[PDB]
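Student: With the input below, show me the fold.
(8 chains)
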Amino acid sequence: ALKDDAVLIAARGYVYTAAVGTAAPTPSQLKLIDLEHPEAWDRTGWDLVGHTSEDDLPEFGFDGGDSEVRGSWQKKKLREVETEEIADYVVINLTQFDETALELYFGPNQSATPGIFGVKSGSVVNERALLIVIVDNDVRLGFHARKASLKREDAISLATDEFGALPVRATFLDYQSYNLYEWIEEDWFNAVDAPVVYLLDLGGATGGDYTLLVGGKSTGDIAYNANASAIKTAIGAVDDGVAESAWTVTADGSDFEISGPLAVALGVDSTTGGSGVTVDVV
Amino acid sequence: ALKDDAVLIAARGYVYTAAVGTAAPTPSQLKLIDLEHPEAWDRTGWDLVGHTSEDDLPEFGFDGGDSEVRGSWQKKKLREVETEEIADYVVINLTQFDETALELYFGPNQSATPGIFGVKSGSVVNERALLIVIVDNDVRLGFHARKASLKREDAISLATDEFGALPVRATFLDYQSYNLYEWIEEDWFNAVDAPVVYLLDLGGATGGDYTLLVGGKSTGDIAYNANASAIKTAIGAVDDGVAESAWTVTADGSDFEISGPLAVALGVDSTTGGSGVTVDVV
Amino acid sequence: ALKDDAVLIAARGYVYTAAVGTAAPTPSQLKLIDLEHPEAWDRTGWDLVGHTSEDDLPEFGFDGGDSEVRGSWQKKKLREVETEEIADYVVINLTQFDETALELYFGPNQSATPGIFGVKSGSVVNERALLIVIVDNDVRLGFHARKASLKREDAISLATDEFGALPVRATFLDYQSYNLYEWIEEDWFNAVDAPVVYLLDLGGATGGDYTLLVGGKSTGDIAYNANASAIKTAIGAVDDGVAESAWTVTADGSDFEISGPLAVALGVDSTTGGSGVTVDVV
Amino acid sequence: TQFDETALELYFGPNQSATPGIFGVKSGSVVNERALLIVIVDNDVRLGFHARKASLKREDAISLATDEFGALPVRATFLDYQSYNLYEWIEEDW
Amino acid sequence: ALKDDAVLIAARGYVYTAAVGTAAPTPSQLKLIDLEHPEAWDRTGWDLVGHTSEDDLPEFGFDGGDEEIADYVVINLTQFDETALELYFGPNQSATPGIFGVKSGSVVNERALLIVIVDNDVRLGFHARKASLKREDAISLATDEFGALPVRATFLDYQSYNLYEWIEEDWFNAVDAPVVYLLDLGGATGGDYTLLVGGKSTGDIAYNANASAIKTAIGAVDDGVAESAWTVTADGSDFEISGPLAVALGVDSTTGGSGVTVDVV
Amino acid sequence: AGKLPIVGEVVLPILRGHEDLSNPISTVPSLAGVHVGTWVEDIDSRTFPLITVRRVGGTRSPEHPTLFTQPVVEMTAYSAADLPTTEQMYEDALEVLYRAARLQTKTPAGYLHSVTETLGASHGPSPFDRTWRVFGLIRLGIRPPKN
Amino acid sequence: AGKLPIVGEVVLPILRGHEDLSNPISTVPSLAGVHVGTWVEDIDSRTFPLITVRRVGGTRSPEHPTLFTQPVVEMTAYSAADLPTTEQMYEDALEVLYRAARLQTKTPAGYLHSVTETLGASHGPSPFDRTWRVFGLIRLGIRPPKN
Amino acid sequence: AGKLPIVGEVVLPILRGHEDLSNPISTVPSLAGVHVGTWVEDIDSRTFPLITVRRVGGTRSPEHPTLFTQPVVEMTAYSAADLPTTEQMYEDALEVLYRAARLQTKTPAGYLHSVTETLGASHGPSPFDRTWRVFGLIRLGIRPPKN
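Tutor: Residues are numbered from 1 along each chain as shown, chains lettered A, B, ... in the order given. For reference, the structure is listed below:
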């Protein structure tokens, strides 16, 4: 369905890590928690990875997903099959060089002397839970993976007039019975269907008349009048191709919540003899 | 032949989905329905896929189609053979992050929890009927595929000053004896010679109270003392999406010519004078 | 030889199709036919494919043609051999979506219902004779293929601010004993063209004399009263010059025509009563 | 950039029908070998280049454009002829 | 000879089996039947086998050479329905719903076989009255391609019939009638035209020339025997020409009409 | 297909809310009573608020010159009220052009096909005594009126 | 082939609808009675409406400088009537160029081979009295006469 | 959900530090008592220091024109004190915009979604007697209010 408030532009992205299996903040907490201070919030165990750059975001990707259409000598185009298993990942450009931000990139340091971080040769196991919170005005679309394997995506960038960077790639993996990763936002996922209603604001008994668009076509002139069938049968029968039985208008008190398959709006209000029929708003 | 009104510059493209095999609007309905509220249509089951970037269209594509000329050392060119049969698809960049937008990209939600959308590992079967309507001018070139497999074309895109997007590729697959896909436009494909007329007979004038069904929808009833303007107002008052102004009705004494945007037929018959005022033929 | 009238800038290209093997209009008819109306030609059977752009032309191409130079352990650079045969084709962008322009792209309409054009899942054979007339001022270079096989060159293009397009590739194939394809214009091919011949012109023969350039150099001054052998011998004062053998002059016009192996033009003159003039036309 | 018969014969090989006003092409491939001379001009220098046997083939398809001249791109490949050189540069002073 | 019409690509095809000895559709039925639904054929008795593999098509092999050859077909099935397991393993050894059971050792398994190879409206058929069915090799399984049950059908003699028929109405035991070329002069209002025969032009033919004059204008250089290799016969306004060499239009120079020939191959 | 119109015969019915070309006062409810035209009247006749739309460039399309065109229109809002009211009146004019484009709005002279901004709303000096100007350039696509 | 012409000897017969160069009134139905020229006449004989064509400048083609050339002309239209009539007159003049190019029209001086706007019809200040002005740039293409 | 505002209804509450649009002096600690507004008051009412915000360009977003827009504002700081105080005051204002964008600051007319300079703190000549001026262009980005 064509809901506007679910459209997203990512303004900034916070990235947090924790020991493998750690639970994210719940969908209702994610609307209230202070993103700058993960040591303070109810769901203990998370920490910020470090200064990611201000003008870019954690970059999603996948390897695999190479997909092909297959059949038989009898019938062609029978089904589509994935020829390589899709492998989701995220890239994070940390710009911070203290021990906690090197540890994500190199794995744990293999030297214990004050002031030195040293690396052993070959492979390393370096795995954490990952929480990303993508922020846009009041929208806070969270993303959580209970195990991610964190690896060198490219060599350390250094530049004379652009910030140095430690690009890590987090690849998502199955951890016991849990999902591979989860998107978190309370208003969007598994929520109640919340059907649209249009508020006919008539300010009580008034002199004169007004018009309503239904589906972008005008019904006839409507005076200040009785409700129920006397408005429902003026909302219906606009040569709209929809029967009156698809619409509802109800005992709503002062102002009326019209609902049905088409959108509705006012055309003109000339109900000048008092408070008027001034709005139609959702 | 050249046709200045068959030349097309796609201004906006609506995209709808439904359960596999679901029928699209007929060519004569596609000129009359509104495109914004699928719950108003006669063909129930369609719903809008979501917001799409409004400077862009559904991007058609194919792979395969690799073809080459073959012969024998006697005769050097005699067939062009298609070495890899065309696998045909459309790419749709949704910009919503609503649940009903993510289900096209990830397949069904794997969690029961309010406010969470969960993703499992491995391939998913995810396939839908697909209807696209391409709008230009007063033209509405529709496109319908009864079965399309939906897969992730690329990872989720996020940017700091361009909308977030999650691209799906719909690949067409054949289904029962039906076509792979169909283009829908009444003016252009299998077109009749321009006028069509229905002859409503009047010789049975001892009469009764017959009725017409217009596009399958009833006019109420009409008494045998009929007149051209009176039956134009009757037909023109059927609640079907199109006004009295679209219909042309004229007389030759013994019958009326009826013509307009939709099919006309007699419903319930009631007449004393045999068939003579209950005949309606082309 | 250099031929300034045989240098082409194709301004526009008209593409026509017909049933396989049908003949193009003859080389003398391409000067007289009306390209907008193939329904009116003496050589009936052709139809114009539809609106192609005003900005571009049918694009010639080929696959194959890869050639190698071969020899022996004795003599190293003996023969050039063609390792894959030239497969020769034209690409046409149609920009109208009428049935008669979808049929060239998808093959025949697979559905009989009014307002629907449907496609089946398999390969299709779709063959035409193809005529292209390529226009530049009064030059109308034709191109004709007795059989061409028409295939989808790319997916349907749709765009917000440039015209929608149906790109077809026509590949040429041998039909019976005919040529693969033919170029057509009466003035250029198999024509018996005349030598370049230079015409002298003069005032009323009142004054003294005039000079002629022959190739890059001048002969001497000569009078209005001179005999053909005298002016032919004055032209014969040149590098390859043999008077009464290499050059020819025949006095067919009242003022002489010169024919021979170098260009001829006026220099300085003093033949009062008009002017000395020279041009390469008869 | 020229389209009369004598400019097409370099590109397609000799024409395959006798009809006045038509140039016809047959399928397959053609032996179209010629001697080639080029005279590069600069200053009042005339650096000549000569090959006694070159094989001429289509280098690419015919170019056509709405504001650039049409063209027939031939490639001449040099092949040795009996006892002669593969090609020769000709200039008296150099 | 050189039937360009009869060069085959196996673009799609179908495989059917039946009880031993069952007859295939006749050559004139095969041009017209619906291949998806063999239950609806007038030549009833045939059951359509499952989806055969898209890339490993039937191999019409043989084993012998010089001892005497046995012909076979290897067919890759790609379906795990009972209709396909019965060909690979032989008849089901268990009566319980939902189970297909296999006994040890060899089992007799014999069926009639029909194969139809379609291309584009040609439909070459192949039919064998009696085939013995065996496992060719292991069941193929993969994570990214359809699993396959390859079977060997070996042909065996039955009741004095052939081992197998190839069935196609156009190609086998045809009438072999010669080609004829139609000299359709169109309006023919005046002037001249020339044919060319085997690539050589005839040189001069008037718009009103009779069949004998055309037969004498043919007989160019390099002709067959000038006036007895070539048959020319009129019908309507036109002539049918036939003989040992190909005939085509060379140069029309007639004063009105939409053409000068229409020609068979 | 009929001839392509001058850009004023399409843009003005969209901003005015009626296809009577003889009456320049708008009735579109977001900017009702605004005088919408192409040429600013004599000081004894002119009324503020005022919107001026003026052709400033944009060719026919090269693909098919007689089938689609992309005029560039300088749109200018003027008022005697205050600068914020002149800004909101220009915004309320974009919000009408973008909606009228989203629908492919028909007019007697042609169809408005698409709308885009090549220079967004910007404040500038006004040539009229005690008024504010806000202006920008819209590139907008037009199609022939069928027929 | 003859010499390449100056652009006025080709464009003016295409806009005027006759090959008589001595008679500046056009007769093509879309422009019946407008005066088409390259130079605005003295005020004692100047007659509106008028279309002024002049070369803003574009090169010979480098491929063959003697065989094809691409002159840019500034085309302008003036009227004493109103701005809509001046826009409509420029549109109706440009529609003649886009047709006369498609038909490859012969003129005694050369052929109009192709047409392209490089700056579309646009409103600007007029040099004289009551009149309005609309102008743009067209890159033409010209081929020499077949002599 | 909501409608996009004129740019002043978003950035003025963010530079002022209060949602009361009637009270132009800022209360933000780095700008205490600076007058902030679109338009410079008459000479009998001017006070310095002063910041002014003018829209100079920047379109609606082309892919959803009703949901996001990127107005370019010229921001200009004036002082009667000295040039260092003027460029300090401009930096101390630009620090408020970069913080208010990072915090996604909700304003009753919309959300300040992002901030980006396109010219930075250029010194220039002032039109007012004994005052320094520094100015720059900021491409903002703003989202409509939820309802």
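Student: For burial, what's the neighbour tally of residue A:112?
Tutor: A count of nearby residues for residue A:112, using other C-beta atoms under 10 Å in any protein chain shown, gives 7. C-beta here means a position set from N, CA and C on the backbone, and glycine is covered the same way.
Student: Then residue A:39?
Tutor: Under the neighbour criterion other C-beta under 10 Å, residue A:39 is assigned a count of 9.
Student: Repeat that for residue F:24.
Tutor: Using other C-beta under 10 Å, residue F:24 has 17 neighbouring residues.
Student: Quick check: it touching residue F:38?
Tutor: No. Residue F:24 is beyond contact range of residue F:38, at 9.5 Å (criterion: C-beta atoms under 8 Å).
Student: in a helix, that's where residue A:30 is, yeah?
Tutor: Yes. Going by DSSP: H, G, I helix; E, B strand; the rest coil, the assignment for residue A:30 places it inside a helix.
Student: what residues are up against it?
Tutor: With contacts taken as C-beta atoms under 8 Å, 6 or more residues apart in numbering or on different chains, residue A:30 has the following neighbours: A:24, A:133, A:140, A:142, A:184-186.
Student: Return the residues of chain F in contact with chain C.
Tutor: Taking C-beta under 8 Å from any C-beta of the partner chain as the contact definition, chain F meets chain C at F:61-65, F:67-68, F:70, F:114, F:141.
Student: Let's have these in TSV, adding secondary structure.
Tutor: Output for the residues of chain F next to chain C, formatted as TSV (three-state DSSP):
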residue	secondary structure
F:61	coil
F:62	coil
F:63	coil
F:64	coil
F:65	coil
F:67	coil
F:68	coil
F:70	coil
F:114	strand
F:141	strand
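Student: Mind checking which of the residues you listed are buried?
Tutor: Buried residues within the residues of chain F next to chain C, defined by neighbour count using 16 or more other C-beta atoms under 10 Å in any protein chain shown: F:61, F:63-65, F:67-68, F:70, F:114, F:141.
Student: Pull the most distant pair out of those residues.
Tutor: F:65 and F:114 (17.5 Å; C-beta to C-beta).
Student: what about residue A:74, neighbour count?
Tutor: Neighbourhood size, residue A:74 [other C-beta under 10 Å]: 20.
Student: Ok, residue F:145 next?
Tutor: Using other C-beta under 10 Å, the number of residues around residue F:145 comes to 19.
Student: Need phi/psi at it.
Tutor: The main-chain torsion angles of residue F:145 are listed as degrees, to the nearest 10 and equal phi -80, psi 40.
Student: looking at it, it is touching residue F:109, isn't it?
Tutor: Yes. At 6.1 Å, residue F:145 counts as touching residue F:109 under the criterion of C-beta under 8 Å.
Student: what sits in contact with each of those two?
Tutor: Residues within reach of residue F:145 and of residue F:109 at once, by C-beta under 8 Å, 6+ apart, are residue F:5.
Student: helix/strand/coil for residue F:85?
Tutor: Here residue F:85 is recorded as helix under three-state DSSP.
Student: which residues does residue F:31 contact?
Tutor: In this structure, residue F:31 makes contact with F:15, F:49, F:51, F:89, F:92-93, F:96, judged by C-beta under 8 Å, 6+ apart.
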